Structures are given as structure tokens and as C-alpha cells.
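Enquirer: Quick one: the structure is below, and I'll ask about it shortly.
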Protein chains: 2
Amino acid sequence: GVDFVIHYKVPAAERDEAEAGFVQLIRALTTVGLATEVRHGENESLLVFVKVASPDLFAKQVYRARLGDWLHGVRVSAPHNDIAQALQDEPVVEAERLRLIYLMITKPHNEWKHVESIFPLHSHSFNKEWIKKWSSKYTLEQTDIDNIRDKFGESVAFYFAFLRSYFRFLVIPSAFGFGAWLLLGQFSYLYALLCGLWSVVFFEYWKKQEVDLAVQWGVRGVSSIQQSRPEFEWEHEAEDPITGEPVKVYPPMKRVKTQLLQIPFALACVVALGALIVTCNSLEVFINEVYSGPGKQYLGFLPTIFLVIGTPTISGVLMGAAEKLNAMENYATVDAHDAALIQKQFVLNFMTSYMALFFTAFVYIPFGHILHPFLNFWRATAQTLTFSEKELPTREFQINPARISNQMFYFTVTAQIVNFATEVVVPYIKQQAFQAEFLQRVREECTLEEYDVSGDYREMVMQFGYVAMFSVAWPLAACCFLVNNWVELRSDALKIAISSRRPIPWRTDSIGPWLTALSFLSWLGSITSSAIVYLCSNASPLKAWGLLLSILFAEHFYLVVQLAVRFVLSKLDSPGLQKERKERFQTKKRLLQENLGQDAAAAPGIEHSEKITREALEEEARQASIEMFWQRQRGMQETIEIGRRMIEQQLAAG
Amino acid sequence: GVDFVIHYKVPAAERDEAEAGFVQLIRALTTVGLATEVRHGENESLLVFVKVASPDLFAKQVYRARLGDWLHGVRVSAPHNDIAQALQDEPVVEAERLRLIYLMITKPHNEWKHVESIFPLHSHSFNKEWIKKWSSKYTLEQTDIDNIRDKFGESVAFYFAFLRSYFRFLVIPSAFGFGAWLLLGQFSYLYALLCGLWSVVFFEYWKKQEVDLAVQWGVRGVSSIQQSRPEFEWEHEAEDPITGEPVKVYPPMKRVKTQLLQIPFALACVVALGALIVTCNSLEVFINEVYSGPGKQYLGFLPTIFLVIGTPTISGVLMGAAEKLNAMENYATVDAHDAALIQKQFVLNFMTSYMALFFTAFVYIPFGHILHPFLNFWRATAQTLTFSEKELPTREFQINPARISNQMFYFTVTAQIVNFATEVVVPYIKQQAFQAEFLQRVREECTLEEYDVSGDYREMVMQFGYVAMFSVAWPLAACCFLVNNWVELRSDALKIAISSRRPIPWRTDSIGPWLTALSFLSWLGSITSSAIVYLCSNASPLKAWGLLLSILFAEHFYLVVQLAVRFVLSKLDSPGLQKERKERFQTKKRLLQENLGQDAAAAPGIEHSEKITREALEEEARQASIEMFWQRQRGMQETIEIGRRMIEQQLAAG
Ligand SMILES: [Ca+2]
Ligand SMILES: [Ca+2]
Ligand SMILES: [Ca+2]
Ligand SMILES: [Ca+2]
């Protein structure tokens, strides 16, 4: 087990001594302002190792951070004891340390004229047992995730918390999915109902989990605390309606107006990628279904090649517009800026993942006769490329309903197998291609790209869409994903350790933009599943009422289930909110105790009716010192006897 | 202006001296436990006037109540000053006084073997200017509503707060409703779109208002504070997860199972009243459209009579099942119990308000040929009643599309005119029928029924449904309601003063069950409006895709609008939440100030790098007292020069 003695590493690129010298000078000038530097130069770049020296001054600032999170209400309970050191009964976590030091570096104390990067070093002692403990376990448990938060941060931890919860919830659709395949058969208007029910439950259950996880880890509402973006544009300056501190304001409704440009942008993405995919599918159909002579196996790869080149090209242009629109929307914090860029990308992600299936489930199988003009276009086009005047050999276009079965097999099996290779082996091959001791490790680590949690998130989010929308045509899909995900926990944990550098500890109280992404796929999957069932069942397909009634019920079945699930979950206890409420209440009570001396809420008693009587006297006396208004038959019994006399009096009349 | 000197009045029924005497004795025995009694007997019943004597002991308990609402988090800020009397800078409000005294009476200190009632007396001085100030104003303002809360309570105030907000929001559909009638015409697939958009906006905006209103009046979350029901059934006893006090527990999921019986109950209500209304409508059609000889004007009233007798009879039985089911569901607090009974009643309310229109807009006009079997039933039935063997004269059933126009005129104009008479004149006639001074006023007041806010709520809630659902066939409906509501504010205020006794001051943070009622009518009104437009437009009516596509778009238009409106309103500032957050933060900060002496959050400075250096020494010294691990080139410049030497060193290789 190799050890480390450094907190952070900062490499400064060396181009020309004029600017590179200036870079090294003032960078050093600033770091020593609060932190120690040892600078050994390797791999053509000087490496500025930075760690916190004084632990007394550091524990003084970590404690100040604990207080800060409390003051804005992120942290439920004040660190009231005021003993900075004995408050390490809740010790400084490695993630908490690395984050706060990274703050000191990357607060307004730096960012510095093209510094290559800033990153902490891994812990091989920890990384070894990590992949070991998880490869021995069949089932992970919350303590493991808490450990992940401790070394890496909540941003990384939440993914594994999500992946884990999604894995176990993925057991259920694997059950009645296998059951639907075994008994009910394909295109079941029953598996579809169970699918929507499940998607609602898992999602609504996960949202409840994020709250509890935020409370346990103490990051609830951390989204509205992080440093604002440098390139955030502000018109004027006012006071924070909560803190009272000077905050820079930008009209929220003016941002809303700019965000309306996502509607034509999304349409631009659906058209661009959509046309690209529907075209390559038309080639796929023409060369396979419509023969076209020898070399078919060679030609079979041709439409696939168009996808490989076209997808990054077409979407690459669209992303430039996405990145451009993103800045225009002008987000205050870095958290919101990247979360919105992901939402913009999701439209591209949706197209490049499902449009092949939409083409099959709504155009190919249920109709297909509308593909004839597309086929003829390739007929004449193939004739020109042939150079020979003779027509290419042709056979009748025959609709194959097994197309939806083969494509689904790829997405659930083959594409997941080439995934394991691309996500792990290809970066591992890259390392093999590259092929004191600390410094050598430092250089090798310095290469590796920063771990992007977004990449791992969509892989599972897009996969969920396959279940929610198109698994009704392949009910064994949940089973394939369930197996992959068990490996996915291990595999993703493995690539963080060796295929990527240690990411900066970063905090969030949710999976973020992926929530709405999941919510959309689940809803669309209620329409998608039922419509597919009706159309791909294969009586004449009366699109008029037949398709629409099927969608009407299943979509409304989804909506009713949603209200039902939320209602039930709303009457269940939530530890995260309850943990908050109990602490807040005791804090409220203790203050009450202190001021009013442990008399916190007796009854006066009847004997004190004498003091009531004496007080009633005093009003009379003051009034006397000063007509029907002040009439009183004082005394307890005196009023009783009068009424009693009235009792027999009133019966006398009768 | 007649004055009053009493806080509360308690009449004890006088049947037989044996029990009535016992009633008067111990009731007096208990009241004097904390409150004064003067007992004058009138109208065959003894009247026990009750008011608080000691103002020092009363201000001691009002202050204890201010603290209680704080402790559970209802009240944002502690009454920290601890001066009970100088905290009357926020004075005891008449509603606050009357409520707290009513608590002392009606806490576990009473309820008492058939006491007739418990109620405060009106304030004629206040009631006079009330109806005066509002009958002079064209526009009410928030200060007026605040005054209503002060004298009557939040329960009463919220209605007028809702009615006022609903009145001004009702201006908008009156505008493009008049515009649709003036220009676009009936059954406009554009007014319908504007209708759904408005319903979403008004509703979502009002929900935002309730939060701010709750904060302003300091009743936010008061629903979970009020006394539990006596007949609440509990299995075991545990600790409150917040307070830690012994609370009685009843399994929430067991209540959910019982609440599932609302589904067959609702169906039972729709069938019972529905069959009753669809039948009376069949008579209405037969005697008018299908002639049936002389006496038609006399016979015309006959189907109306069936409604008058049948509705309270049929729904009266259904309510017995509702009241029965309500108790089975076993609600902890009185607040939740009555709110669920209202929800059950709403199904009956919906039927008795719209089924006549549904019959017209979906059965009569667009089809009508399915009414022939219903007509023949009345044909033979009328023949038997005639006693003469000769057939009743008959003419061809002709569908009249003006039916939907006449019914809508009634609901918007005529029914609102007979409303003013029924809601105000009829109780006033009752008073005229009935036809010291305080005591006489007391007796007369003692008769009057307690004001029920529920009655006034549904009148506006059911009215809203006419707009959301059926106003597309009569776009001038919003105009009729707009006028009525201006009067409704005045009229309802007038009947509270003279037609009903003063209600017990009661607190709530929302309109309650009516929220979901409004939410349902708005959604169903998106389906209802569009379906009516397509069906009642009058090409052949292709129900298959024509009806369903129309519903698909308009419902999804509603759903998209909802997400749009919520999104926009979520990025708007909310005073009620912000008022809460700012106070909480300052409270948080001040405690911080006190313990750590106004050092609440500087930078160390470079010169202190000397203390950094000395601390770095000490670790070395301890290590010395105890291989590559501890290597340091200490000093700021020493590290700079080494790296600098490396700079020219690395270029030498190149
Ligand atoms: Ca993978
Ligand atoms: Ca992954
Ligand atoms: Ca009225
Ligand atoms: Ca009313």
C-alpha cells in the first residue's frame, strides 16, 4: 500500500518563461498566503504541492464552516459547545477537509491564467479494500455509501446511493417481466400496467430518500450556498431577503424569457438527430430487407458507419448552440449552470437512444407501407453508385416483426457488453499504451481526466427509459439491466480508482436534473407502452379510437397511480424531516427553559377563587371612584342558589 | 349603538329539575374554577353569562399561548422579551381573546350533558360600519380582511380573502368571455383554451396567497395543533417524534384502507342522484318537446317538483352513509373530521349542480336519438295516469340546441337571483315571523344558528365549476358571476351580522378541502370544455378520433400550462416564506453573537506565515523525538528558487 503526504496538487503549464515565470511567481505568492507549498517539477510542468500546515488554524476554519452551514439553515443544530477541538466528536471528514481546503485555493484567492488543473491524490490503501469489499458482497449497505461520501463527497456518493436503490427496485420489474415473458407473452396489456405502477413507486420512493439522505449527510439546501459564477451577469445590487448580505440581483423573469428558447432548440435537436437516424434506418431496411446483391455483409456495416460519424457531428453542432444558450440564461451558481446544460443535452441523449425503436414500434411494424418512398430513394441512389447501368436486384419489401425483438436484445445485452469494454477496458488500454515514486505516481495521476458523475448518471437514466417505454416489447429487459447494474456498481467503483483521478469533493442534496428526466420518461413510458401494445399486437388497426382510448386509459392510470402513491407516502413517517423537527424543537425548548427557569408548557385551583373574587372587587372599587353594565352576583354559591330558586320558579308557571 | 359587557354565553336546557338542577350545579361548579358567572334566566332556559375576571391572570395565559404557538413552530419568533404586559405592543386581539377563553371553557373543563350552545355576542357598533364601509367601497383592500380576522377569526377571514381574490381574478374570464361572445361566438375552441389557462393561474396563485396569509396572521401549520377529537379511537400510546409528549397513535395505513370505501360510495352517489336527475330531465323533455296536451304549464312544474322532493331524500340517505363512513375513518382532530365530511358531500354537490348540463351537452344535443326509449316510457306512463283509454296527443321529438343556452342562463342569472332571496330574505322573513334590553338581545341572538363558512364556500366553489367546465357554451357566464360576487361580499357580510350569531373564533391556514375541489373542477373542465366544443359545434361527429384528439390536446394543454405556471411562480419571491426565513436567521445569528462575542462569519496574512513555519517545526520536533514521508523545503522563497532553478534546467534538455 503506497502512502501519500499531500493535500492538493497544482500544475502550472510551461510555455514561455515570460508568462510562465509570472504564473509561478504570483501563484506561489498567493498560496503561501495561507497554505504551504513544495514544488517539484516533472513532465514538462512544475507541480505545486499544497497542504495545510497549522492544524490549529485549520480546525479554526473547519469549525467556522460548521457554523456557516448552520447559519443558513443547512445544518440543523448549532455547534453550541464553542469548544473547537472537542467538537471533533464529530470528526473532520476527509471529504470535508479536502473540500474546505479546495475552497481556500479556489475561492477569491485564485481563478490563474491557464493553470492546468487542481486535484487531490487517491488513496490506494482505501481503493484496494473498496473494490475488494464490494466484489465479495452480494448486497451493498448504507454504511458503504457513507464511506464513499467520506472520501470522495456527496456528489459522488449520491450516484452510488441512486444506483443501489435503482438496482433493488429493478428486481420487481425483473420478476413480473420474466413472468410476462414466461406466461403472458409479448405486447401484454398487463405488463404495461405493472410497469407504470412500478415507475411511479420507485421514483416517488427515491424522492423521499433524497430528503433523508440530505439530512443524514447534512447537505439539505446546499444548492443555495455554493459560490456564484464569475461570469454571472447582474444589473443591480440589493440585500438578501434572508441574510441581509449584499447580493447581486438578476431579474428572474428575464431569465424565464430567455429560457423559452429551449423550445425551438429542442425541436431543432429532435429534427436534426431524428432525420439522421430515420435515414440510417432506411438504409438498414433497404440493404437487408430489399436485398441489393452481393457484398451485403460488407454493405450491412455502411449504415452503421453513418451513425458513428453523423451522431457526434450533428449533435456536436447542436451542443454549441446548447452551450451558447446556456450562458445566455445566465445562472448565478455553478451548480445551476451545469445542471441546465445537462437538461439541454438530454434531448440529444433521448434521440440517440430511442429514435431507432420509435421508428420500429410506430412506423415500421404497425404500418411500414409508408417506407416505400424511402426505399425507392435508396433504389435509385444505389443504381448511381453502382456505375453499371443494370438495375440492382430487388425483392418485395416484407415487414419483419422480429425487428423490435432484435433491437431490444442489442440495447439490453450486446450494447451493455460493449459498454463494459468501452467504459473500463478502453481507458485501461490507454494506460497500457502510456506504459521519487510519489512524484511518478503524481505525474501519471495528473494525466487522468477528472471523474464525471454525469456520464454514469445518464447511463442509468437512459437505461430506465428502456424499461419505462420499450420494455413492453421485451419484458426480459429488466432482467438484463438488473444483472448489468450489479456489475455497474463494481465497475464504476473500479474506474474511479484507476481510470480517473480523484474528483473534488462537491455537495448536492439531490441527483438534480435527472429527477425531471426520470419523471418525463416514466410519463412518456405510460403512453409509449400502451400505444405499442395496441399497434404491435397485430382485426384492422383503427387508429381513430383504438389507439387513443388505449392511451387515454393508460396515461390516466399513470396519473391516478401517481396521486395514490404520493398520498400513501405522504402519510408515512420521514426520518430526515423528523430528525430535523425534533432537534429544532429541543433547541426551541431549551432556550425557553433558560429564560423562564424550567417552567415550560399549572391550574389555579378553586381555593384561589378567593383571589378571583378580590380582583373582581378592585374593578368595582375603581369604578366606584369614578348603569346596568356592572351587575355581578359575586360568590360561587350565591349564583347557584339564585338559579336554583329560579328552577322551581319556572315550573310554577306551568 | 348598543353595547355589551359579556365574553361568553352558556344556556342550559330545562327539562326536568332532577337533571336540569344537576346540570346547573356542576356547570357552575366548574366555570367558577377560572371564570366569573352571572346567571339570568330567560326564554325557558337559564343563561350563564361568562367572562374573565382577572386581567393579570388572563394576560398571563394569553402570553403562555403566544409561547405555545412558537414552541411548535406555528409562531416564527419567540416572545423573548418576557414582559407579559409590554408584549401587548402586539395587543390581544378580540378574536385571540374570545378564542382562548372559549378554549378554557371547552378544553377538558367541559363537554356537559346537553348544553344548548356556547357562543359570543355580536358587536353592533362594529357590524354597522362593517356593512357601511363595504357598501360605499367599490374595491375592498387587505386591511378590511385583517379587521374581519380580528373580530371573528381566521376561519371566517379566509373565506372573504378567497372570495375577494376570486372576484378580481373573475374579471379576466369576463373580459375574453364577453369578447368571445361578441366576436368568436358559441363553442369556441379558443375561449376553452383561455379558460383552462386562467383556471390554472388563479388556482396556483391562490395557493401561493394562502402561505403568505398564514404567515401574516401567524397560523401557519395550526391544523396540527388543535385539540384532538374525544371519540378518536386509538390502539396504543407513544411519544411525539417532535414534542416528546405522550400522543395517542392510530395506524395511518389502517385509515387509508378504510378510506378506500369512498370509491364505491362516490359511485353510489353518482348513480343515485344521477338516475334521479336524468329521470326528471326525461320528464322535462317529454312534457315540453313531446307536447302531451293541455295543462302543459301546470304539468311543466311537475318534473321540477320531483327534484325538490327527491334531492334531499336521495342525498339525505347517502349522507347517512357518508357520516357513517366518516366516523369509521377515525380522524384525530376536529379539523380533519369535518374537512373529510365536506369532501364526501362534494360528490353530492357536483351531481346536483352539473348533471343537468352533462345530460344536455353530451346526451341531448350531440345525440338525442338515445332519448327515444326514455320518451316512450313516459308515453305509456302518461296514458295510464290519464285514466282515459285514448292516446295522449304526440308530436315528433325535435332536438333544441337552445336548451344548453337556457339552462346556462338560469344557473348564471335566475338561480343567482333566487339565491339572494334564499340566503338573505328568507332568514330575514324568519326574523319578522318571530316578531333588560341586553337580555332580550341575548335571547334573540341565542336562537340564530351558528354561521357556517362551508355553505358560503361551496356556493363559490360550485360556481367556479360552471366557469371551468360549462362556460364555453355561455361565455357571458363569468360576467354574471363577477357581478354576483361583488354583491356576494356585501351580502354574506350582512347575513353574518344579522342573520346568524357570532361564530367561535377558529383558526386554519387554508380553505382546506375546497383546494382539491377547485383542482378537480379545473382539470375536468379542460376535458369538459373541449369535448363540449367538438360535440356541440354541429360533417358527421366522428366520436372515434374526433372527440378523443380534442380531449388529448386540451387536457395536455392544461397539464403543460400547469407546469409552466408553477415554474414561473416558483421563481417569484414569496413574502410569507421570506418573512419566516429572515426572522429565523437573525434569531440564529443573535445567539451566535452572544456566545462568541460579535465575531460572526479574518484572513491570517502573509506575515503570520512565520507562525505557519513555527507550527511546521513542532511536528518535526515531535517526529524527531520519535522515511521519505516527511520531506519539506520550508520557507516561502526557498521553494520558489528551487522551482525557478528547475525552469531553466528543463529547457536545457530540449
Ligand atoms: Ca457499464
Ligand atoms: Ca456507469
Ligand atoms: Ca348569494
Ligand atoms: Ca354566500
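Quick note on naming: the chains in the C-alpha cells go A, B, ... in the order shown, residues restart at 1 in each chain, and ligands are numbered from 1 in order of appearance.
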List the neighbours of segment 446-450 of chain B out to 8 Å using only C-alpha atoms; skip same-chain residues closer than 5 positions along the sequence, and give me the result as a list in words.
Expert: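 Neighbouring residues, sequence-local ones excluded: residues 499, 500, 501, 502 and 503 of chain B.
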Enquirer: Compute the set of protein, DNA and RNA residues whose minimum atom distance to ligand 1 is at most 6 Å, using only C-alpha atoms and all ligand atoms, and state it as an MDAnalysis selection string.
Expert: chainID A and resid 419:420 488
Enquirer: Please dump the current selection as a PDB file, in the first residue's frame; keep C-alpha atoms.
Expert:
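Output file again_15.pdb is given in full below:
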```pdb
ATOM      1  CA  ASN A 419     -20.333  -0.894 -22.574  1.00  0.00           C
ATOM      2  CA  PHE A 420     -18.183  -2.814 -20.084  1.00  0.00           C
ATOM      3  CA  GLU A 488     -22.231  -1.483 -12.726  1.00  0.00           C
TER       4      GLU A 488
END
```
Enquirer: Check the DSSP output for the backbone and give back, as a PyMOL selection string, the residues of segment 412-648 of chain B in helix (DSSP H, G or I).
Expert: chain B and resi 412-434+437-447+453-473+477-498+514-535+543-570+575-596+606-625+636-648
Enquirer: Dump the neighbourhood of ligand 3 as an NGL selection string: all residues within 8 Å, distances computed on only C-alpha atoms and all ligand atoms.
Expert: :B and (416-417 or 419-420 or 423-424 or 459 or 484-485 or 487-488 or 491-492)
Enquirer: Restricting the output to C-alpha atoms, write the selected residues as a PDB file, in the first residue's frame.
Expert:
```
ATOM      1  CA  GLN B 416     -78.300  33.674  -8.520  1.00  0.00           C
ATOM      2  CA  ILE B 417     -81.288  35.990  -8.081  1.00  0.00           C
ATOM      3  CA  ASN B 419     -80.042  32.893  -4.212  1.00  0.00           C
ATOM      4  CA  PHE B 420     -80.057  36.464  -2.884  1.00  0.00           C
ATOM      5  CA  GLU B 423     -79.715  33.426   1.506  1.00  0.00           C
ATOM      6  CA  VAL B 424     -80.829  36.789   2.901  1.00  0.00           C
ATOM      7  CA  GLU B 459     -71.554  28.449  -3.372  1.00  0.00           C
ATOM      8  CA  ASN B 484     -72.889  38.464  -8.181  1.00  0.00           C
ATOM      9  CA  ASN B 485     -69.585  38.158  -6.315  1.00  0.00           C
ATOM     10  CA  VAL B 487     -72.730  41.651  -4.119  1.00  0.00           C
ATOM     11  CA  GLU B 488     -71.757  38.335  -2.514  1.00  0.00           C
ATOM     12  CA  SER B 491     -74.497  40.090   1.199  1.00  0.00           C
ATOM     13  CA  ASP B 492     -72.525  37.412   3.051  1.00  0.00           C
TER      14      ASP B 492
END
```
Enquirer: Set the distance at 9 Å and use only C-alpha atoms: which residues neighbour segment 431-443 of chain B once local chain neighbours fewer than 2 positions away are removed? I'd like the list as a list in words.
Expert: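 What passes the distance filter is residues 628 of chain A; 2, 3, 4, 9, 40, 41, 42, 43, 47, 121, 426, 427, 428, 429, 445, 446, 447 and 499 of chain B.
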Enquirer: Can I get the selection written as a PDB file, in the first residue's frame, with N, CA and C atoms?
Expert:
```pdb
ATOM      1  N   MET A 628     -76.594  49.621  34.068  1.00  0.00           N
ATOM      2  CA  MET A 628     -76.855  48.188  34.142  1.00  0.00           C
ATOM      3  C   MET A 628     -75.605  47.374  33.798  1.00  0.00           C
TER       4      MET A 628
ATOM      5  N   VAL B   2     -75.774  49.795  20.482  1.00  0.00           N
ATOM      6  CA  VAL B   2     -75.932  49.032  21.714  1.00  0.00           C
ATOM      7  C   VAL B   2     -74.598  48.414  22.129  1.00  0.00           C
ATOM      8  N   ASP B   3     -74.322  48.423  23.429  1.00  0.00           N
ATOM      9  CA  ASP B   3     -73.048  47.935  23.951  1.00  0.00           C
ATOM     10  C   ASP B   3     -73.181  46.537  24.545  1.00  0.00           C
ATOM     11  N   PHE B   4     -72.047  45.931  24.884  1.00  0.00           N
ATOM     12  CA  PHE B   4     -72.034  44.636  25.560  1.00  0.00           C
ATOM     13  C   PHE B   4     -70.936  44.598  26.620  1.00  0.00           C
ATOM     14  N   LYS B   9     -71.635  33.290  26.500  1.00  0.00           N
ATOM     15  CA  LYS B   9     -72.960  32.925  26.988  1.00  0.00           C
ATOM     16  C   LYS B   9     -73.199  31.423  26.902  1.00  0.00           C
ATOM     17  N   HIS B  40     -78.731  34.973  34.568  1.00  0.00           N
ATOM     18  CA  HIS B  40     -80.106  35.440  34.440  1.00  0.00           C
ATOM     19  C   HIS B  40     -80.877  34.487  33.532  1.00  0.00           C
ATOM     20  N   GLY B  41     -82.063  34.074  33.968  1.00  0.00           N
ATOM     21  CA  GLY B  41     -82.806  33.048  33.261  1.00  0.00           C
ATOM     22  C   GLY B  41     -83.912  33.600  32.389  1.00  0.00           C
ATOM     23  N   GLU B  42     -83.850  33.281  31.099  1.00  0.00           N
ATOM     24  CA  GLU B  42     -84.819  33.785  30.128  1.00  0.00           C
ATOM     25  C   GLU B  42     -85.168  32.784  29.022  1.00  0.00           C
ATOM     26  N   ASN B  43     -86.366  32.919  28.452  1.00  0.00           N
ATOM     27  CA  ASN B  43     -86.846  32.023  27.390  1.00  0.00           C
ATOM     28  C   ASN B  43     -86.797  30.548  27.768  1.00  0.00           C
ATOM     29  N   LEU B  47     -79.570  31.313  31.486  1.00  0.00           N
ATOM     30  CA  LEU B  47     -78.454  31.784  30.677  1.00  0.00           C
ATOM     31  C   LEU B  47     -77.266  32.140  31.563  1.00  0.00           C
ATOM     32  N   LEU B 121     -71.303  37.204  21.887  1.00  0.00           N
ATOM     33  CA  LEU B 121     -72.288  38.136  21.351  1.00  0.00           C
ATOM     34  C   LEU B 121     -71.678  39.033  20.281  1.00  0.00           C
ATOM     35  N   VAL B 426     -85.114  35.168   3.106  1.00  0.00           N
ATOM     36  CA  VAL B 426     -85.789  34.090   3.828  1.00  0.00           C
ATOM     37  C   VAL B 426     -85.386  34.022   5.312  1.00  0.00           C
ATOM     38  N   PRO B 427     -84.081  34.159   5.631  1.00  0.00           N
ATOM     39  CA  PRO B 427     -83.774  34.268   7.063  1.00  0.00           C
ATOM     40  C   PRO B 427     -84.336  35.547   7.681  1.00  0.00           C
ATOM     41  N   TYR B 428     -84.377  36.620   6.897  1.00  0.00           N
ATOM     42  CA  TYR B 428     -84.910  37.895   7.366  1.00  0.00           C
ATOM     43  C   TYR B 428     -86.417  37.808   7.590  1.00  0.00           C
ATOM     44  N   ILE B 429     -87.097  37.053   6.733  1.00  0.00           N
ATOM     45  CA  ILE B 429     -88.528  36.815   6.890  1.00  0.00           C
ATOM     46  C   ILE B 429     -88.777  36.008   8.163  1.00  0.00           C
ATOM     47  N   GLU B 445     -80.555  36.597  19.945  1.00  0.00           N
ATOM     48  CA  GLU B 445     -79.298  36.130  19.379  1.00  0.00           C
ATOM     49  C   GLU B 445     -79.133  34.627  19.587  1.00  0.00           C
ATOM     50  N   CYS B 446     -79.544  34.155  20.763  1.00  0.00           N
ATOM     51  CA  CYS B 446     -79.376  32.756  21.158  1.00  0.00           C
ATOM     52  C   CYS B 446     -80.085  31.792  20.204  1.00  0.00           C
ATOM     53  N   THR B 447     -81.210  32.237  19.648  1.00  0.00           N
ATOM     54  CA  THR B 447     -81.908  31.495  18.599  1.00  0.00           C
ATOM     55  C   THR B 447     -81.021  31.260  17.380  1.00  0.00           C
ATOM     56  N   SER B 499     -78.245  37.799  10.391  1.00  0.00           N
ATOM     57  CA  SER B 499     -78.966  36.562  10.100  1.00  0.00           C
ATOM     58  C   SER B 499     -78.398  35.369  10.864  1.00  0.00           C
TER      59      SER B 499
END
```
Enquirer: Pick from A:27, A:337, A:632, A:379: nearest to chain B, with only C-alpha atoms counted?
Expert: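 Nearest to chain B: A:632.
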Enquirer: Name all residues at most 12 Å from segment 166-179 of chain A (count only C-alpha atoms; drop same-chain ones fewer than 5 positions away) and give them as JSON, numbers by chain.
Expert: {"A": [138, 139, 140, 141, 158, 159, 160, 161, 184, 185, 186, 187, 188, 190, 191, 192, 193, 194, 195, 196, 197, 198, 199, 200, 201, 202, 203, 204, 205, 206, 207, 209, 457, 460, 461, 463, 464, 467, 468, 471, 472, 473, 474, 475, 476, 477, 478, 479, 480, 481, 482, 483, 484, 485, 486, 487, 488, 489, 518]}
Enquirer: Could you give me, as a PyMOL selection string, the residues within 10 Å of residue 568 of chain A, counting only C-alpha atoms and dropping anything in the same chain fewer than 3 positions from it?
Expert: (chain A and resi 562-565+571-572) or (chain B and resi 252-253+256)
Enquirer: Emit the selected residues as a PDB file, in the first residue's frame, including N, CA and C atoms.
Expert:
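Just written: part.pdb:
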```
ATOM      1  N   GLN A 562     -50.026   7.861  -9.572  1.00  0.00           N
ATOM      2  CA  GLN A 562     -49.182   8.919  -9.018  1.00  0.00           C
ATOM      3  C   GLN A 562     -49.801   9.543  -7.771  1.00  0.00           C
ATOM      4  N   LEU A 563     -51.048   9.986  -7.897  1.00  0.00           N
ATOM      5  CA  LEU A 563     -51.764  10.595  -6.783  1.00  0.00           C
ATOM      6  C   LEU A 563     -51.938   9.605  -5.639  1.00  0.00           C
ATOM      7  N   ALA A 564     -52.136   8.338  -5.988  1.00  0.00           N
ATOM      8  CA  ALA A 564     -52.300   7.288  -4.992  1.00  0.00           C
ATOM      9  C   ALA A 564     -51.004   7.049  -4.226  1.00  0.00           C
ATOM     10  N   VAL A 565     -49.900   6.944  -4.959  1.00  0.00           N
ATOM     11  CA  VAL A 565     -48.599   6.673  -4.356  1.00  0.00           C
ATOM     12  C   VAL A 565     -48.149   7.835  -3.473  1.00  0.00           C
ATOM     13  N   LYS A 571     -48.343   9.932   4.142  1.00  0.00           N
ATOM     14  CA  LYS A 571     -48.825   9.574   5.470  1.00  0.00           C
ATOM     15  C   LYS A 571     -47.846   8.643   6.172  1.00  0.00           C
ATOM     16  N   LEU A 572     -46.726   8.368   5.513  1.00  0.00           N
ATOM     17  CA  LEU A 572     -45.643   7.611   6.125  1.00  0.00           C
ATOM     18  C   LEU A 572     -44.649   8.547   6.800  1.00  0.00           C
TER      19      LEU A 572
ATOM     20  N   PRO B 252     -51.847   4.897  10.516  1.00  0.00           N
ATOM     21  CA  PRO B 252     -52.228   5.733   9.371  1.00  0.00           C
ATOM     22  C   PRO B 252     -52.633   4.915   8.148  1.00  0.00           C
ATOM     23  N   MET B 253     -51.951   3.796   7.927  1.00  0.00           N
ATOM     24  CA  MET B 253     -52.232   2.940   6.781  1.00  0.00           C
ATOM     25  C   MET B 253     -53.547   2.185   6.959  1.00  0.00           C
ATOM     26  N   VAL B 256     -56.084   4.514   5.751  1.00  0.00           N
ATOM     27  CA  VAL B 256     -56.053   4.524   4.292  1.00  0.00           C
ATOM     28  C   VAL B 256     -56.921   3.408   3.714  1.00  0.00           C
TER      29      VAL B 256
END
```
Enquirer: Taking the DSSP assignment computed from this structure's backbone, write out as a PDB file with C-alpha atoms, in the first residue's frame all residues of segment 102-349 of chain B that belong to strand (DSSP E or B).
Expert:
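Result went into selection02.pdb, see below:
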```
ATOM      1  CA  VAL B 115     -75.842  22.215  26.983  1.00  0.00           C
ATOM      2  CA  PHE B 119     -71.299  31.486  21.710  1.00  0.00           C
ATOM      3  CA  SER B 228     -57.994  16.004  19.257  1.00  0.00           C
ATOM      4  CA  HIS B 236     -51.694   2.329  21.705  1.00  0.00           C
ATOM      5  CA  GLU B 237     -49.742   5.277  23.104  1.00  0.00           C
ATOM      6  CA  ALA B 238     -46.271   6.550  22.207  1.00  0.00           C
ATOM      7  CA  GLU B 239     -44.103   9.671  22.119  1.00  0.00           C
ATOM      8  CA  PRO B 246     -47.403  11.281  25.098  1.00  0.00           C
ATOM      9  CA  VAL B 247     -49.572  11.125  21.971  1.00  0.00           C
ATOM     10  CA  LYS B 248     -52.220   8.510  21.173  1.00  0.00           C
ATOM     11  CA  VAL B 249     -51.443   6.606  17.977  1.00  0.00           C
ATOM     12  CA  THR B 333     -58.682  16.263  15.174  1.00  0.00           C
TER      13      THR B 333
END
```
